[PDB]
Every structure is written in C-alpha cells, then in structure tokens.
Amino acid sequence: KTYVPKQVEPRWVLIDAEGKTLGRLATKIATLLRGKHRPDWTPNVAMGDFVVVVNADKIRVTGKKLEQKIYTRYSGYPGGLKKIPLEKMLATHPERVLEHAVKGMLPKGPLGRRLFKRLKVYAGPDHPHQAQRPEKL
Amino acid sequence: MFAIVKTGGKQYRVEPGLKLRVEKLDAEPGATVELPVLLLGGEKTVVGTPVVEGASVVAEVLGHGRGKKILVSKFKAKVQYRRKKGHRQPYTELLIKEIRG
Amino acid sequence: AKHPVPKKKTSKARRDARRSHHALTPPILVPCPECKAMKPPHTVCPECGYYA
Amino acid sequence: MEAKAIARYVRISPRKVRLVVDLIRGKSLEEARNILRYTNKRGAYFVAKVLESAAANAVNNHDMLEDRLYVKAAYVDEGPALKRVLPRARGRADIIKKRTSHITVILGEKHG
Amino acid sequence: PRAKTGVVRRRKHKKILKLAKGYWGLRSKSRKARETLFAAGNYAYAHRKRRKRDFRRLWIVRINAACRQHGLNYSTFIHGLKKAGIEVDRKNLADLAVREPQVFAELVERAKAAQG
RNA sequence: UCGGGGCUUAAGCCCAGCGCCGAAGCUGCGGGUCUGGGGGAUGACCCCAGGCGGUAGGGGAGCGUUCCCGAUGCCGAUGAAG
RNA sequence: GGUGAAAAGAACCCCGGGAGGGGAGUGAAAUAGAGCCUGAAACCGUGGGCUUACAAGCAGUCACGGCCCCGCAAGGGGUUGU
Ligand SMILES: [Mg+2]
Ligand SMILES: [Mg+2]
Ligand SMILES: [Mg+2]
Ligand SMILES: [Mg+2]
Ligand SMILES: [Mg+2]
Ligand SMILES: [Mg+2]
Ligand SMILES: [Mg+2]
Ligand SMILES: [Mg+2]
Ligand SMILES: [Mg+2]
Ligand SMILES: [Mg+2]
Ligand SMILES: [Mg+2]
Ligand SMILES: [Mg+2]
Ligand SMILES: [Mg+2]
Ligand SMILES: [Mg+2]
Ligand SMILES: [Mg+2]
Ligand SMILES: [Mg+2]
Ligand SMILES: [Mg+2]
Ligand SMILES: [Mg+2]
Ligand SMILES: [Mg+2]
Ligand SMILES: [Mg+2]
Ligand SMILES: [Mg+2]
Ligand SMILES: [Mg+2]
Ligand SMILES: [Mg+2]
Ligand SMILES: [Mg+2]
Ligand SMILES: [Mg+2]
Ligand SMILES: [Mg+2]
Ligand SMILES: [Mg+2]
Ligand SMILES: [Mg+2]
C-alpha cells in the first residue's frame, strides 16, 4: 500500500523576480506551492513550500503587455466592468500582477486557496526575515 | 531486506517474514512456492535484465480463500436496464520465509 | 390556493433551521427586599406587597 | 434514581409546549417552578402541573429529597389530533388538526 | 387461491433502505433511496476503473518529482529503464524513491548509463 | 476571457527527430458463464480455444408469494407466524 | 372486527379541578390497562457518538487522513476533512 506522509515542517524559499518573465516565473512558484517537487507528493494534503518573493515590481514581461494587457475585475453592479491595464497595476500596488497569476496556476478548491496563502509577495526586498529563506532561481 | 517479487500479474516489496495475499495459486493447502520471480535487494540486488539471475524467494501458501464480495451493478437510464452482480475475488495467502536471493 | 405558491416542500433541515431563532429566554427574576420571594424587577408581586 | 411523571392527551399543541419544556430542561426544581411561574405562555400551566407531580412522586413515593431534585430529562410527544372541518370560502372545506400532547418530566436527586 | 402481497414487498423495501443507510436526509428513507443507490452502483463500478489511472498518476508525479532531484524527466528516466531492460520499476514500486532511495538513485545512473 | 492563468529565438506557425504521458482498446494474473474441441468406453469433473455493450423483441434457467397432494405425518411454550 | 386462560377491569395512598399519571395490587405476560394481540413505514421527539459558520451543491462514489466504537492483533463498524 502506497506510502503516506505524516506531518512535516514547511520548507521556505526566497525568490528574486527582477528579470523574470512574469508567467514563466509564476509557473515555478506554483509548482513549489503544491508540494510537487517533493517525491512523497500528496494531493489531498498541502505540504507545499512557503515561497517568498521579492523585487516583484521588476517583473519582465514580453510583447506590448504593459500597455496592451487588461485586467478585468467585475464588481457586482450595472456596468461594474472595471478594466485595469497591466501598467496601472504595477504603478499602483504591483505585488498583484504576480499574485494575480499564481492564484491562476493554483488549482481551484479550498486546498488551492490554502496554498495561495503559503505564497507571500513583496516588491522590495525586505520581506519579514524570520528564519528560512533559502534563495532559489 | 528489500526484494521485489513479481507474483500473479503484479509486483510486491517483500520482507523476511510478513503475510501478504496474492493472485490465486495452484499450490497445496500449506506447501512452499519459491517466487522464482525476484527483482532488487536490501543491498542493490539490482535487476540488470528483467529478472535477477541466480536469485529467488521462498514463501508458504498459508491457505487460499476468497474476499469480501463486491456489488458490480450497472444501470442505464430512460431504458429499463439494471444488472446486479455478486463478485468475491479469490486470493491465496502468503507467509514469506526465505528472502535468500 | 392561488398565485404564489411554494415550489418545493421545504426540508426538515431548512425548516428546523429557520426555527433557530425561536427559542424563548427565561424571565428576569430578582429576590425582593421583603420576602425571599422572586419578582420580575420593577414589579410588585403578590404575597409580599410593598412600602411607600 | 429517577422520578417520572407524564400527563398525556393534553390539548395543547406539541410544537408549542416544547418551547416551555425547553425552558426547564436540566434545571433545579426550585429553579423551574420559578421559571414556569413567570413564563408568558399557556404552555407552562401544563408543564407546571406535570412538573409539580413529578416532584410529588419523587417524594411521597421514592424517599427522594425535594430540596435536592432537578429536571434530569423532560420532553413532549405528539398524541392523536382532533380533526375538525372548517367551511371555507367558495364551498371548499378545510380540516383543522387540533393537536394534542403527552408532556413528560423526570426528576433526579442532584449529587453527593 | 388468492396470493395477497403480505411480507414480500415490505421485505424488498427494507433490503434497500439498508444499502441506502447514511445517505443524506430523504435518500435514506424511501425510493429516493433506490434512485440514489442506482447511481452509487454506477459511480463505484466507474470509480473502480478509475482507481487504476488514479494511482498510475499519483505514482508518476512521485517519481518524476524524484528523478528530477537527479536532474531528469520521468520521460527519460523511464526511457533508460526500458533500454536498461528492467521491468523492475512497475511505477507502483518506484515508491522506492520515498523509502530506500539508494536503490532508486542506483536505478538512476542505471538508466542514465543505459541511455548513452 | 484563447477552458482559464499565462505565453514572443514561444507555451505561436512551418520542417525533421527522439522520448514519455494517455481508454473500460491490447497484455499480464485471477474468476465467471455459455459454445465448440479433447480426456474420459462412461456419467463424472478436468484442461485448451473462443463468444459474452444493448431499446423494441425472440429464446433459456431460476428465485419468491398464496393454496393442494406428501399430513391420522413432521416442527412447535425448551416459543409457530409475523 | 381482535385485553386476558379467567375481569381477576387495577381497592388504597400520593400530585391534579378534572384528565392523566406515580406507587400499591391482579396476571404467565400490563410497552396485554381497556377502541387494550401482534404493532411495520412515513412522520414528531429525547439522549449519545462523529461532523459543520471562506463555502459551490442530483448530495453520491474512489482515496488518504482524524475522531468514536467492537476485537488481544491482522480486522471491522460509525462519522467526514481534503
Ligand atoms: Mg443520465
Ligand atoms: Mg431535525
Ligand atoms: Mg371565509
Ligand atoms: Mg356555502
Ligand atoms: Mg399486489
Ligand atoms: Mg457520510
Ligand atoms: Mg482488455
Ligand atoms: Mg483472462
Ligand atoms: Mg465448475
Ligand atoms: Mg473466456
Ligand atoms: Mg465484448
Ligand atoms: Mg447481452
Ligand atoms: Mg453483440
Ligand atoms: Mg388464505
Ligand atoms: Mg425467545
Ligand atoms: Mg370494575
Ligand atoms: Mg394508578
Ligand atoms: Mg387504606
Ligand atoms: Mg370549577
Ligand atoms: Mg377515566
Ligand atoms: Mg408473553
Ligand atoms: Mg412489547
Ligand atoms: Mg383513557
Ligand atoms: Mg385510547
Ligand atoms: Mg413504534
Ligand atoms: Mg459512542
Ligand atoms: Mg472552516
Ligand atoms: Mg462510534
């Protein structure tokens, strides 16, 4: 009968965003979020690392995105459309562009969201240093 | 010490002395089949070719038997078709004796 | 018997749930100066009477 | 040791007494009497009465000590309803279930 | 001779109410019961066929997640092993990886080598 | 809104290639049943091969309910039916 | 339509205006107590176990896990978090 993990301490990580293609970056951050580089993987469980990102504001993005790419945010009401172009995003709270794109590669359940909570993002660095932080790439 | 024997369609990690059930066998009520099928070991037996050559594992047919019945039942809608079936799968029981590859 | 009507029998659950705010709270009683008796505050209550 | 008392076939509706009974579940008898007393509901005058007798037997029947008995458990059960017709407008006629209860309290000596 | 229903149907009913035990609200009291059981049947038979692909999957992820530590694809790791001639890793038992990793790590160079 | 996230010497398009994933398909191991072949003089049971999605519908074998023969019997208060 | 073999139909005390109960008593049995044999289901309730207030649902199923329970264990039962 297949092995099954017991409780474990959560590994943390640190990433530098500068120069990273936003998506290509998200992908990994995602695959980390699910305990999915670990070989004792377990779906129903949430033993993902605790990815911490810094220098978000610097995220490279190809093509015309900045100008061209629009962020839809539907309020509840008549004409709650709300389109926000990629720049205005970074220009004001920019952590989002990254957040707003890991949430995206995370699966959908309560677990997915448990995970979105492990991920912690700042444009900085200067994240609350605490302990772990093993930088990556 | 580790050893991966392949009995009855499927393969199992196997220890010096442990009970394990497997796809039914033709063996006596209580005799000794050696699972001439073996792969790996507690210290890298390592099965270069499919099977490991000068190797094997002894086991005792503890006693055949059959399992908790399952209800395989089928139903297509709009169409008056229901089929209920009983199906307990048979399973012979093993005490692993000699790990001796 | 007419125009608007319940579309489905409400369930034991849904029913009992609506009922959740139904429970009553016990009276408010206080002992009187006079007897060891129990009164709703600011009342008078028989078998005890009152002064002034 | 328990002291049971049941008054059955009372002509109040279950859903409606249950409320009062709920008021005194697991309360000190001296406590209940006070609650049942100043509760605003036709419901009490029955649960009272049945509670009061619950005590009586507790005492003139099981030596149990008044000053130390409490409503261990109590409940009410639906007994058979009295169906009545009710001529209703435009000829159609309705039937009214005048429902009915079996109220039950049971006392216990507190502790030791 | 008249054969009234009698016991018969009561009994056939109970039979099912049993199976239907623990189902939500009304589905454990009737013939909503049956309707439910009906689907349950199909669901399991269908899920018993799934439970296969279910693990196949879980296993792979587990391996691929492993031999990526030794830097490579399940897609090639598995490849070597075919070349390697080793039927050994029935994906089930590449839960080596989890315990007794040595044998895996060994199994790695083994196909690495097998590669070229 | 391209299923979405997201993608730009790509995660797009064209050309060539090696891998792996991937169904209830095919294999492996076990088991049903039926049809055929064989053992067996035989019945018996055993082995080998193959068929076994299905509405209208045709065919087969069964299960249970009431009653009758079996009952001037048998079970039944040490407990019938339900 | 049906207490029980027999009315032996529950004296008497207790709470209550009564009803109805609690004791006492009869009976093999009184959840056989009087529209009383048996007493199923829907339906209402009381107590206990597991569970639930960031969560998306034909209500199940497959898996793992936690808790509770039966067994010395291997095991099983209940519940349901993902
Ligand atoms: Mg359908
Ligand atoms: Mg309820
Ligand atoms: Mg009117
Ligand atoms: Mg009229
Ligand atoms: Mg009929
Ligand atoms: Mg459940
Ligand atoms: Mg096949
Ligand atoms: Mg086969
Ligand atoms: Mg046979
Ligand atoms: Mg066949
Ligand atoms: Mg076919
Ligand atoms: Mg067919
Ligand atoms: Mg066909
Ligand atoms: Mg008859
Ligand atoms: Mg008995
Ligand atoms: Mg009389
Ligand atoms: Mg009496
Ligand atoms: Mg006297
Ligand atoms: Mg009067
Ligand atoms: Mg009378
Ligand atoms: Mg009897
Ligand atoms: Mg009884
Ligand atoms: Mg009466
Ligand atoms: Mg009556
Ligand atoms: Mg009943
Ligand atoms: Mg319990
Ligand atoms: Mg919660
Ligand atoms: Mg339990």
# chains A, B, ... in the order shown; residues from 1 in each chain; ligands from 1
>>> residues_around(residues="residue 30 in chain C", least_positions_apart="6", cutoff="6 Å", atoms="only C-alpha atoms (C1' of nucleotides)", output="list in words")
residues 38, 39 and 41 of chain C
>>> write_last_selection(atoms="C-alpha atoms", output="short mmCIF file (atom, residue, chain, number, x, y, z; two decimals), in the first residue's frame")
data_model
loop_
_atom_site.label_atom_id
_atom_site.label_comp_id
_atom_site.auth_asym_id
_atom_site.auth_seq_id
_atom_site.Cartn_x
_atom_site.Cartn_y
_atom_site.Cartn_z
CA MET C 38 -38.79 36.08 43.42
CA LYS C 39 -40.04 39.04 41.39
CA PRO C 41 -37.71 43.58 38.62
#
>>> closest_atom_pairs(of="chain B", to="chain F", cutoff="10 Å", atoms="only C-alpha atoms (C1' of nucleotides)", output="Markdown table")
| residue | atom | partner | partner_atom | distance |
| --- | --- | --- | --- | --- |
| B:7 | CA | F:29 | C1' | 8.0 |
| B:8 | CA | F:29 | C1' | 4.3 |
| B:9 | CA | F:29 | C1' | 4.0 |
| B:10 | CA | F:29 | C1' | 7.3 |
| B:22 | CA | F:30 | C1' | 9.1 |
| B:23 | CA | F:30 | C1' | 5.5 |
| B:24 | CA | F:30 | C1' | 5.9 |
| B:25 | CA | F:30 | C1' | 8.7 |
| B:78 | CA | F:55 | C1' | 9.4 |
| B:79 | CA | F:55 | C1' | 6.4 |
| B:80 | CA | F:55 | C1' | 8.5 |
| B:81 | CA | F:55 | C1' | 9.3 |
| B:87 | CA | F:32 | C1' | 8.7 |
| B:88 | CA | F:31 | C1' | 8.9 |
| B:89 | CA | F:31 | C1' | 6.9 |
| B:90 | CA | F:30 | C1' | 7.2 |
| B:91 | CA | F:30 | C1' | 8.1 |
>>> select_by_dssp(residues="chain D", states="helix (DSSP H, G or I)", output="PyMOL selection string")
chain D and resi 14-24+29-38+42-59+66-68+89-91
>>> residues_around(residues="residue 98 in chain B", least_positions_apart="4", cutoff="12 Å", atoms="only C-alpha atoms (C1' of nucleotides)", output="PyMOL selection string")
chain B and resi 1-3+14-18+32-36+55-60
>>> residues_around(residues="residue 29 in chain E", least_positions_apart="4", cutoff="8 Å", atoms="only C-alpha atoms (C1' of nucleotides)", output="ChimeraX atom specification")
/E:17,20,25,33
>>> residues_near_ligand(ligand="ligand 24", cutoff="12 Å", atoms="only C-alpha atoms (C1' of nucleotides) and all ligand atoms", output="PDB file with N, CA, C and O atoms (P, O5', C5', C4', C3', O3' and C1' of nucleotides), in the first residue's frame")
ATOM      1  N   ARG D   8     -50.682  12.898  29.670  1.00  0.00           N
ATOM      2  CA  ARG D   8     -50.875  12.615  28.260  1.00  0.00           C
ATOM      3  C   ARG D   8     -52.255  13.032  27.766  1.00  0.00           C
ATOM      4  O   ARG D   8     -53.206  13.133  28.547  1.00  0.00           O
ATOM      5  N   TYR D   9     -52.343  13.296  26.466  1.00  0.00           N
ATOM      6  CA  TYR D   9     -53.573  13.743  25.858  1.00  0.00           C
ATOM      7  C   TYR D   9     -53.913  15.181  26.213  1.00  0.00           C
ATOM      8  O   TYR D   9     -55.067  15.580  26.156  1.00  0.00           O
ATOM      9  N   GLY D  79     -49.561  13.452  20.520  1.00  0.00           N
ATOM     10  CA  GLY D  79     -50.568  12.432  20.654  1.00  0.00           C
ATOM     11  C   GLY D  79     -51.556  12.756  19.579  1.00  0.00           C
ATOM     12  O   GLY D  79     -51.447  13.828  18.981  1.00  0.00           O
ATOM     13  N   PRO D  80     -52.541  11.868  19.352  1.00  0.00           N
ATOM     14  CA  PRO D  80     -53.510  11.925  18.252  1.00  0.00           C
ATOM     15  C   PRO D  80     -54.255  13.242  18.249  1.00  0.00           C
ATOM     16  O   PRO D  80     -54.677  13.700  19.335  1.00  0.00           O
TER      17      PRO D  80
ATOM     18  P     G G  33     -51.367  -2.542  28.012  1.00  0.00           P
ATOM     19  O5'   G G  33     -52.734  -2.856  28.761  1.00  0.00           O
ATOM     20  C5'   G G  33     -53.992  -2.631  28.132  1.00  0.00           C
ATOM     21  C4'   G G  33     -54.847  -1.642  28.898  1.00  0.00           C
ATOM     22  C3'   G G  33     -54.223  -0.279  29.122  1.00  0.00           C
ATOM     23  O3'   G G  33     -55.266   0.684  29.218  1.00  0.00           O
ATOM     24  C1'   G G  33     -54.575  -1.315  31.210  1.00  0.00           C
ATOM     25  P     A G  34     -55.395   1.839  28.120  1.00  0.00           P
ATOM     26  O5'   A G  34     -56.909   1.727  27.667  1.00  0.00           O
ATOM     27  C5'   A G  34     -57.251   1.096  26.449  1.00  0.00           C
ATOM     28  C4'   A G  34     -58.452   0.209  26.614  1.00  0.00           C
ATOM     29  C3'   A G  34     -59.743   0.900  27.053  1.00  0.00           C
ATOM     30  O3'   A G  34     -60.483   1.454  25.960  1.00  0.00           O
ATOM     31  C1'   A G  34     -59.363  -1.055  28.366  1.00  0.00           C
ATOM     32  P     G G  35     -60.453   3.033  25.645  1.00  0.00           P
ATOM     33  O5'   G G  35     -60.402   3.068  24.048  1.00  0.00           O
ATOM     34  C5'   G G  35     -59.259   2.606  23.323  1.00  0.00           C
ATOM     35  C4'   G G  35     -59.620   1.511  22.335  1.00  0.00           C
ATOM     36  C3'   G G  35     -58.775   1.423  21.062  1.00  0.00           C
ATOM     37  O3'   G G  35     -57.562   0.741  21.254  1.00  0.00           O
ATOM     38  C1'   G G  35     -61.089   1.135  20.548  1.00  0.00           C
ATOM     39  P     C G  36     -56.180   1.531  21.424  1.00  0.00           P
ATOM     40  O5'   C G  36     -55.289   0.416  22.140  1.00  0.00           O
ATOM     41  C5'   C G  36     -55.645  -0.973  22.051  1.00  0.00           C
ATOM     42  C4'   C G  36     -55.236  -1.737  23.285  1.00  0.00           C
ATOM     43  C3'   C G  36     -55.090  -3.241  23.141  1.00  0.00           C
ATOM     44  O3'   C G  36     -53.859  -3.607  22.566  1.00  0.00           O
ATOM     45  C1'   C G  36     -56.147  -2.687  25.186  1.00  0.00           C
TER      46        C G  36
END
>>> residues_near_ligand(ligand="ligand 5", cutoff="9 Å", atoms="only C-alpha atoms (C1' of nucleotides) and all ligand atoms", output="PyMOL selection string")
chain E and resi 3-6+9
>>> write_last_selection(atoms="N, CA and C atoms", output="PDB file, in the first residue's frame")
ATOM      1  N   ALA E   3     -53.251 -14.832  -3.583  1.00  0.00           N
ATOM      2  CA  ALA E   3     -51.950 -14.543  -3.009  1.00  0.00           C
ATOM      3  C   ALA E   3     -51.827 -13.058  -2.721  1.00  0.00           C
ATOM      4  N   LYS E   4     -52.262 -12.636  -1.536  1.00  0.00           N
ATOM      5  CA  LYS E   4     -52.094 -11.246  -1.138  1.00  0.00           C
ATOM      6  C   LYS E   4     -50.602 -10.887  -1.163  1.00  0.00           C
ATOM      7  N   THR E   5     -50.283  -9.603  -1.110  1.00  0.00           N
ATOM      8  CA  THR E   5     -48.882  -9.220  -1.047  1.00  0.00           C
ATOM      9  C   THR E   5     -48.192  -9.767   0.223  1.00  0.00           C
ATOM     10  N   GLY E   6     -48.689  -9.381   1.403  1.00  0.00           N
ATOM     11  CA  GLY E   6     -48.096  -9.776   2.668  1.00  0.00           C
ATOM     12  C   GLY E   6     -46.674  -9.272   2.756  1.00  0.00           C
ATOM     13  N   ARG E   9     -43.237  -7.381  -0.241  1.00  0.00           N
ATOM     14  CA  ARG E   9     -42.787  -6.044  -0.625  1.00  0.00           C
ATOM     15  C   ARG E   9     -42.145  -5.294   0.541  1.00  0.00           C
TER      16      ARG E   9
END
>>> residues_around(residues="residue 21 in chain F", least_positions_apart="2", cutoff="10 Å", atoms="only C-alpha atoms (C1' of nucleotides)", output="number ranges by chain")
E: 57, 60, 74-75
>>> atom_distance(atom1="CA of residue 134 in chain A", atom2="CA of residue 57 in chain A")
21.0 Å
>>> residues_around(residues="range 49-59 of chain D", least_positions_apart="3", cutoff="10 Å", atoms="only C-alpha atoms (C1' of nucleotides)", output="VMD selection string")
(chain D and resid 1 to 8 21 24 29 32 to 33 36 44 to 46 62 to 66 69 to 71 74 103 to 109) or (chain G and resid 14 to 16 20 to 23)
>>> select_by_dssp(residues="chain D", states="strand (DSSP E)", output="ChimeraX atom specification")
/D:2-10,69-87,93-109
>>> residues_near_ligand(ligand="ligand 1", cutoff="10 Å", atoms="only C-alpha atoms (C1' of nucleotides) and all ligand atoms", output="PyMOL selection string")
(chain B and resi 75-78) or (chain E and resi 39)
